[PDB]
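This is the structure, below, for whatever I ask next.
Labels run A, B, C, D and E following the written order; every chain starts at residue 1.
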Amino acid sequence: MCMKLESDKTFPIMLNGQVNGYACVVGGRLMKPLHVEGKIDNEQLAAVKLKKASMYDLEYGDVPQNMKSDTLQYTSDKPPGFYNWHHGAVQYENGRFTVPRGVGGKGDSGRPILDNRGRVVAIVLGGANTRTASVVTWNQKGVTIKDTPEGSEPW
Amino acid sequence: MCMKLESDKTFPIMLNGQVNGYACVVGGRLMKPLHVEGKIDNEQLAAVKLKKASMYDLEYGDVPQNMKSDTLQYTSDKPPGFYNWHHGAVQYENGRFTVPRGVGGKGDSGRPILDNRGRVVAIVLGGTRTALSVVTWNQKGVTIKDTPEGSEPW
Amino acid sequence: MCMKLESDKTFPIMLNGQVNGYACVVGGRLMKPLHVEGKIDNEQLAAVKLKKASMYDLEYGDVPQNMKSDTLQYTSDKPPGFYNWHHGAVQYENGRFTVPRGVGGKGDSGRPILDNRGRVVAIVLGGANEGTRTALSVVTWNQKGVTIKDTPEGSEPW
Amino acid sequence: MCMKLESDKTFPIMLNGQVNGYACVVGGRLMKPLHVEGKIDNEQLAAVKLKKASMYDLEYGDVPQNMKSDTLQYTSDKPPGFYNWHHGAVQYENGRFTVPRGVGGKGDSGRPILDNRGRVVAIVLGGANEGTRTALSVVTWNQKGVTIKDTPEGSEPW
Amino acid sequence: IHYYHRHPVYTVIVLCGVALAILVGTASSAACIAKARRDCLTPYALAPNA
């Protein structure tokens, strides 16, 4: 379910080596995080210039005219309940995105959080501690907000 | 037939990451349309020296790693009445190639045009009924670029 | 047997296109032959610098990010018998890699020679043709483990 | 078929040892290439002086047989489509011989090109390692009767 | 040498003009010959033999 929506939508970044970070093509923009560095694959998609956002920790650019349906949809109308993720399920409890145990790990940042009907809700950056929660989300009016729990080291 | 023959030996061109046409290796010679520019996909063959021919709109060269390699023989005889091609069946009507409008798109430059035994006589560079501007090789082998008066590249 | 033992850790070496040999990674050593030199077909190792040793026709380089899982071990034990190659046996006629003439070509150097229990004992760098079986120029380890380069008289790289 | 056409008519050349060149007699001419040299195996075709032709890389002379000379009679016609040869078929495409790459190694130069009637149309002098269908540099006898040495862009004297 | 002793600047400027003129003429003739050769040998280069 989550695999089909996210297939060829999560182009990896190489640290001149192993998998370092993951980038999202959504809303016509390519968002990748600053805390991962290196080279993204699919060099057709890598030719765009990037503008940094330090307070939001994201480099954004523009899709080079192959958007069509390859760009995902984001939605700030998020209900409190279940969400999906490549590593499983995400529970939303009063502005908090929670996953259990230690399923989040280093190099797994940048994975989009989708929902039922398949629209982007959030993009992960990191988290802290029986549960695990720093993630960038969208406010009620549709404004970029960074919800970072205390002591959330980045992956 | 034509799908079997041109596969893996008619190579496309990357313009900004997408395809804009195919380059033809015929007679041991590389050639592509000049009005479209990009890069040919496969290595060991994109690095060859390559001369232009603006009067006939074909950048021509050689295939370096093997003198023949991919054969793709050519011909000059052009029997009118029934004849074929990859996307559709081009018609050699009274001295002109004609195609129904319903097939085609942007990026159809550098299309080789095969025959019954699989040899290429012509390469489409531009163009209900439509006529396509094509480079063709007549009785004496004079490479001639025949266009149907008003024409646009595909 | 040998094919699955050498799988996914015997990455070939690329010069301007097609294959010209194979780059062996056994132990913490990124060994390859110098007689023809290309670029590593694998990531994580292609940017690793290779410090040279021309007498044995080698260059070595560490691979720390691969926590084992890509390194054949090695042992200097050497009886005369049947061993493993892509082409077959390297049967020991008086301390010599002998391979029948029906196999063996050019551009296939740098390949490891395993044993029965899956462990490299030597790496080929070339060969020569005289007698009933072609003789391969090889880098081996002697009884105490010193890397020795055995070249069978007049030889050329494969 | 073709092996009985070559039978005792294409007397080879010893390299003071094994065989390296394939001299043949056609029409009384003892065609033999210059680039491969050695000793003619048959003594009755040995005691004869051979006149050099350097630019064709040939050395032709007179037949030593007196009355009933068993030489291969030729024809200069070149119909494309079917030519047989001692290691397999060779194909004539737009004025170009070609053989599959896997056969036709070193030391086989001089075995003649025959056809359905066994007529000699060409002599193998070399070639070029062309892909999968390797082309061979031969001599060809055009429709006017002029002997021309046709070679590919590569040149490997097989 | 006689005209250089007579008028130095005139002689050196006309010699420089002569050298420049013959160089430009030779280069232009070579370029035109090469362009004509290129334009004549493409129809027998795009299509081999025949």
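What to note about this one:
Quick note on the criterion: a residue touches a chain if its C-beta (ideal position, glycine included) is under 8 Å from a C-beta of that chain, and two chains touch if they have at least 3 such contacts.
Ranked by how close its mean Cα position lies to the mean of all protein Cα atoms, the top chain is B.
By number of C-beta pairs in contact, B-D leads over the other of B-D and A-B.
A straight line joining the Cα centres of subunit A and subunit C is 45 Å long.
Chain centres here are Cα averages; for subunit A and subunit E they lie 66 Å apart.
Here the spacing of subunit B and subunit C, counted between their Cα centres, is 46 Å.
Those residues of subunit B in touch with two or more other chains do not exist in this structure. Counting partner chains per residue, subunit E has residues 49 touching two or more of them. Residues of subunit A that touch subunit B in their complex: 43-45, 47, 64, 66. Those residues of subunit D that touch subunit B in the complex are listed here as 93-94, 96, 98, 128, 130-131, 133, 135, 152-154. The residues of subunit B lying in touch with subunit D in their complex are 66-69, 71, 73. The residues of subunit B lying in touch with subunit E in their complex are 27-29, 31, 53, 55-56, 58, 60, 74, 76, 135, 137, 140-144. Within the complex formed with subunit B, the subunit C residues making contact are 16-18.
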